[PDB]
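Undergrad: Sharing a structure, written as structure tokens. Questions coming.
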2 protein chains.
Amino acid sequence: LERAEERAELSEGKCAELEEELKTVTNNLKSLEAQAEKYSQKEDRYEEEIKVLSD
Amino acid sequence: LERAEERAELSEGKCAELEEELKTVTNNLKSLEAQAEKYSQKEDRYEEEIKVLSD
């Protein structure tokens with residue numbers, strides 16, 4: 001039980017660590033979703049600067 | 001013990017679920033990062049072209 005509880009604690013430790021990493025990565029995912037979209041928009045703002053400059 | 005073990009299984013189960021959620025968001029982050037980076041690279045290509053056309 002102590003070892004199983006220890007495993008629960010170690011696994012919970014990992015669970016929490018992964019959760020923290022999950023959230024960090026997910027938060028990065030979200031900032032990156034925002035960046036991938038802002039960047040796709042920049043891909044267009046810059047493409048537009050090229051089109052405008054081309055004109 | 002069944003509970004300590006259940007908790008070992010539950011916390012291990014959940015930490016494994018988080019490993020999968022983490023890998024999923026990590027891979028989505030890598031995808032969005034790669035996407036954002038492909039866009040940042042396009043932004044740079046345009047910036048290079050913006051500088052070329054601006055100049």
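Please note that chains go A, B, ... in the order of the structure tokens, that every chain numbers its residues from 1, and that ligands are numbered from 1 in the order shown.
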Output as a Markdown table one row per residue of chain B within 6 Å of chain A: the closest atom pair and its distance in Å to one decimal place, counting only C-alpha atoms, sorted by chain and residue number ascending.
TA:
```
| residue | atom | partner | partner_atom | distance |
| --- | --- | --- | --- | --- |
| B:1 | CA | A:1 | CA | 4.4 |
| B:4 | CA | A:5 | CA | 4.5 |
| B:5 | CA | A:4 | CA | 4.9 |
| B:7 | CA | A:8 | CA | 5.0 |
| B:8 | CA | A:8 | CA | 3.7 |
| B:11 | CA | A:12 | CA | 4.9 |
| B:12 | CA | A:11 | CA | 4.9 |
| B:15 | CA | A:15 | CA | 3.9 |
| B:18 | CA | A:18 | CA | 5.9 |
| B:22 | CA | A:22 | CA | 4.8 |
| B:25 | CA | A:26 | CA | 5.6 |
| B:26 | CA | A:25 | CA | 6.0 |
| B:29 | CA | A:29 | CA | 4.6 |
| B:32 | CA | A:32 | CA | 5.7 |
| B:35 | CA | A:36 | CA | 5.9 |
| B:36 | CA | A:36 | CA | 4.1 |
| B:39 | CA | A:39 | CA | 5.5 |
| B:43 | CA | A:43 | CA | 5.5 |
| B:46 | CA | A:46 | CA | 5.7 |
| B:50 | CA | A:50 | CA | 5.6 |
| B:53 | CA | A:53 | CA | 5.8 |
```
Undergrad: Over all C-alpha pairs taken in order, what is the RMSD once chain A has been least-squares superposed onto chain B?
TA: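 The optimal C-alpha superposition leaves an RMSD of 1.8 Å.
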